[PDB]
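Reading through the structure tokens given below for one structure.
2 protein chains.
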Amino acid sequence: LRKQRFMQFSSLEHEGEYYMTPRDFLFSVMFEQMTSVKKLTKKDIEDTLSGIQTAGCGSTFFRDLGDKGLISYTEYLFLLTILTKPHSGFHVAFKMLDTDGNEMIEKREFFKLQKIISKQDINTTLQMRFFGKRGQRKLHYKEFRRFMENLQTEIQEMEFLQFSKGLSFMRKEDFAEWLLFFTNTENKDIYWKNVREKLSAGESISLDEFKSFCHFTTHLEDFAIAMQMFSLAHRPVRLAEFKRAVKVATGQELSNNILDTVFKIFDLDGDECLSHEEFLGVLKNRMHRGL
Amino acid sequence: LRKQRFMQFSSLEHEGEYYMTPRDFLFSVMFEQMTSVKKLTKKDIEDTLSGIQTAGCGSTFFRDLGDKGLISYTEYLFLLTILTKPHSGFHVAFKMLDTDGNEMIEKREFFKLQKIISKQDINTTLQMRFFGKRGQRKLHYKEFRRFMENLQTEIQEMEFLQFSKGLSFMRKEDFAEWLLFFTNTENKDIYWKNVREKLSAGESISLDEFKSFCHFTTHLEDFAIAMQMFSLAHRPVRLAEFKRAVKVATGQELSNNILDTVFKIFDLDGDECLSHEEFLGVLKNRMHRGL
Numbered sequence: 085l086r087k088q089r090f091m092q093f094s095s096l097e098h099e100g101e102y103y104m105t106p107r108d109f110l111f112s113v114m115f116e117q118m122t123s124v125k126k127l128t129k130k131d132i133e134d135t136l137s138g139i140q141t142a143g144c145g146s147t148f149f150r151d152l153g154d155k156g157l158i159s160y161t162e163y164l165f166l167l168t169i170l171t172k173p174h175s176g177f178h179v180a181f182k183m184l185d186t187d188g189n190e191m192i193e194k195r196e197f198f199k200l201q202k203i204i205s206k207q208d230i231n232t233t234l235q236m237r238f239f240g241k242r243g244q245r246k247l248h249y250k251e252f253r254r255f256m257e258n259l260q261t262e263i264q265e266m267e268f269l270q271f272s273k274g275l276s277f278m279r280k281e282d283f284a285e286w287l288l289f290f291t292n293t294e295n296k297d298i299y300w301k302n303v304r305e306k307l308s309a310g311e312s313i314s315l316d317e318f319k320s321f322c323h324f325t326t327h328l329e330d331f332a333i334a335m336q337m338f339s340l341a342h343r344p345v346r347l348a349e350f351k352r353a354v355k356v357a358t359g360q361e362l363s364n365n366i367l368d369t370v371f372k373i374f375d376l377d378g379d380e381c382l383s384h385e386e387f388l389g390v391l392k393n394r395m396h397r398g399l
Numbered sequence: 085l086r087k088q089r090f091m092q093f094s095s096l097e098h099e100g101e102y103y104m105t106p107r108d109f110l111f112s113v114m115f116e117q118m122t123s124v125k126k127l128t129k130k131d132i133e134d135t136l137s138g139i140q141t142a143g144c145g146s147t148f149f150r151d152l153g154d155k156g157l158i159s160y161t162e163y164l165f166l167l168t169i170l171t172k173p174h175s176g177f178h179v180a181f182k183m184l185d186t187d188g189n190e191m192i193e194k195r196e197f198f199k200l201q202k203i204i205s206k207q208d230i231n232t233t234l235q236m237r238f239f240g241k242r243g244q245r246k247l248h249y250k251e252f253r254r255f256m257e258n259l260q261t262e263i264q265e266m267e268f269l270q271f272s273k274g275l276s277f278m279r280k281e282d283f284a285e286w287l288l289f290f291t292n293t294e295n296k297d298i299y300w301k302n303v304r305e306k307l308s309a310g311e312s313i314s315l316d317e318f319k320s321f322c323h324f325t326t327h328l329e330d331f332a333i334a335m336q337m338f339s340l341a342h343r344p345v346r347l348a349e350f351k352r353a354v355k356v357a358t359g360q361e362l363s364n365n366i367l368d369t370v371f372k373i374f375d376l377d378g379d380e381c382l383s384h385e386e387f388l389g390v391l392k393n394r395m396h397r398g399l
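The listed protein sequences derive, respectively, from chains T and R.
With the authors' numbering as the guide, the letters of the first sequence map in order to residues 85 to 118, 122 to 208, 230 to 399.
With the authors' numbering as the guide, the letters of the second sequence map in order to residues 85 to 118, 122 to 208, 230 to 399.
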């Protein structure tokens, strides 16, 4: 039923085929529900997606485009899978998209994705980004990896500026309210009791802290190993071992205020221990996209 | 009753005297109503406002500080007057704050503002910004002018990223919805009829367009001269003369999509003319701050 969200945030179309803006893509990432679909013929397509090299290929690429972009439903699901993918599966997905074995993804790979779309039953933005105007340009692994990390990082930045409310910093209330976004309302309100009572001022929460935290939340199942080890061993996880587990998982240290605030959040009982069960359950509810 | 908004968005205090963050200042600029006031003794004051030179003196200064700042009610009203001031009154207000005639504002000027506060009946952020830790540093006109324009420009940027929703561009719907913020609901909904019907796609609205437009909206009374000339002459103002009037007023050209979209907004009748009366009346309702 992921077609129905594409039905929701469509705003332009062509020959019965709904499209989106990059902005509608970003709203499908974040916003629940809001527009008017307008029609486009071929001259409109050229005037919109002309000049893709004008956009900078850094970490602001859809903000470099704004509305200048039309996204097929195949590209829509493709970018959603990029947003859901952990770091480890990069070269694996690249070689699965390397059917011809030529260390490359080609335009026939996207046409085979459209073959999948057809079995489930027009020049777009990423076609120009990775293959030029007609597909004559090629696509290697390094551009692919940089594109995936830039996309995820720009999503991190846009959520950061949403919940930080335009500042370069965050408070702990903003971090908790973002972190408890896809939680059920009763546990949310018990957590809000924990916010009102057990959370304090602390200090401002920076950008790289949130970036490392989002990098943590894309590696939850590999983090769950020592969790189930000391779960079936029934060792309630303290903060010092949690530091070691996070460092082994991500490869990067979180700051102590992150760990302190997380420990103030997920300790319902205040018993200096970890209820890892509800932690991991509502966390897997929380890091599921498409919603 | 401007004390009551200071009562609203206060979040820290000292000896019965409510303070704010820079973030609470920015929310008093934009947001209507939302926190918990917590107490601070002198060590808290030092630990908060230490290191003001760490913040960059460009156009992100409160975002460079975040929560690192405590704002007196005198400084609160002072910065609100800076946000309401047109460009022309700069040197005039500087010389009115130059009682000692020494081409400078000194700490006794702020103490005379506090004398005004007392007749209407503790080291703060701007004291360190303009005079150092104890007032021994001085304050000239150039820093004052740069501070006022950086403050106004950062407010422009924060509203831009609010209504643009994190993008580097705006649509015309965002520009209209920002522009019609302090309008009464019936005329607002007639304007929304005008949005749904007469507005089109156009193109993306950039940052410098919004900056020039806000610079226009701080010079409305000097813009009203030719308005009243062709009003008592009863010449309904067309767009071509409006270009000339805006260029004479601001000194900077607006782009044609700005003028086209404004002409699509304020032409209720569609009669290719200007209803300048409701324009200027609800515009003076719109550009009044403190709300």
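In this text, a Cβ means the ideal position worked out from N, Cα and C, and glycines have one as well.
Just measuring C-alpha positions, the residue of R/157, R/180, R/258, R/188 sitting nearest residue 234 of chain R is R/157. Rounded to the nearest whole angstrom, the C-alpha separation of residue 238 of chain R and residue 277 of chain T is 24 angstroms.
Chain R has no Cβ within less than 8 angstroms of the Cβ of residue 148 of chain T. Of the candidates T/315, T/91, T/396, the residue whose Cα lies closest to the Cα of residue 366 of chain T is T/315.
Residues of chain R whose Cβ lies closer than 7 angstroms to the Cβ of residue 266 of chain T are, in chain order, 274. Distance from the CA of residue 180 of chain R to the CA of residue 265 of chain R, rounded to the nearest whole angstrom, comes to 25 angstroms.
Per DSSP, reduced to three states, the secondary structure at residue 126 of chain T is strand. By alpha-carbon distance to residue 174 of chain T, the top candidate from T/323, T/399, T/194 is T/323. Note on geometry: alpha-carbon atoms of residue 357 of chain R and residue 375 of chain R lie some 21 angstroms from one another.
Of all residues in the stretch 123-140 of chain T, the ones placed with a Cβ closer than 8 angstroms to any Cβ belonging to chain R are 123, 125, in chain order. Under the three-pair Cβ rule at 8 angstroms, the stretch 130-141 of chain T does not count as touching the stretch 183-198 of chain T. Rounded to whole angstroms, the gap between the alpha carbons of residue 99 of chain R and residue 152 of chain R is 24 angstroms. The alpha-carbon separation between residue 116 of chain T and residue 274 of chain T amounts to approximately 20 angstroms. As summarised for the stretch 272-344 of chain T, there are no continuous beta strand (DSSP E) elements at least 3 residues long confined to that stretch. Taking 8 angstroms as the cut-off, the Cβ atoms of residue 147 of chain T and residue 267 of chain T do not count as close.
Secondary structure remark: continuous alpha helix (DSSP H) runs of at least 4 residues inside the stretch 134-166 of chain R, in chain order: 148-152.
Sequence-ordered contacts of the stretch 85-107 of chain R with chain T read 107 [C-beta pairs closer than 8 angstroms].
Among the residues facing chain T, residue 383 of chain R is not included, as its CB has no counterpart in that chain under 8 angstroms away.
When the five nearest sequence neighbours on each side are left out, the beta carbons in the same chain lying within less than 7 angstroms of the beta carbon of residue 371 of chain T are those of 347, in order along the chain.
Assigned with DSSP and collapsed to three states, residue 174 of chain R falls in coil, not helix or strand. Against residue 312 of chain T, the close residues of chain R are 153, 154, in the order they occur along the chain (beta-carbon pairs closer than 7 angstroms). The three-state secondary structure of residue 184 of chain R, taken from DSSP, is coil. With fewer than 16 other beta carbons inside 10 angstroms of its own, residue 340 of chain T counts as exposed.
Assignment of residue 347 of chain T by DSSP, reduced to helix, strand and coil, places it in the helix class. When C-beta distances to chain R are compared with 8 angstroms, every residue of the stretch 321-347 of chain T stays at or above that value.
Cβ-Cβ distances below 8 angstroms link residue 170 of chain T to 113, 259, 260, 263, 397 in the same chain, with the five nearest sequence neighbours on each side left out; the list follows chain order. The contact set of residue 269 of chain T on chain R, defined by CB atoms closer than 9 angstroms, consists of 269, 274 in chain order. Around the beta carbon of residue 399 of chain T, a 10 Å sphere encloses fewer than 16 other beta carbons of the protein chains shown; the residue is thus reported as exposed. Along the stretch 283-303 of chain T, none of the residues has a CB nearer than 8 angstroms to a CB of chain R. Taking a C-beta distance under 8 angstroms as the contact criterion, residue 363 of chain R and residue 294 of chain R do not qualify as a contact pair.
In the same chain as residue 312 of chain R, and ignoring 5 residues on each side of it, the C-beta atoms closer than 8 angstroms to its own belong to 277, 278, 279, in chain order. The beta-carbon of residue 309 of chain T is placed less than 8 angstroms from the nearest beta-carbon of chain R. Neighbours of residue 245 of chain R in chain T, taken as residues whose beta carbon is under 9 angstroms from its own, are absent, since the nearest beta carbon is some 26 angstroms off. Closest option to residue 287 of chain T, judged by alpha-carbon separation, among T/388, T/247, T/187, T/122: T/388. In the structure shown, residue 200 of chain R falls within a helical segment according to DSSP collapsed to helix, strand and coil.
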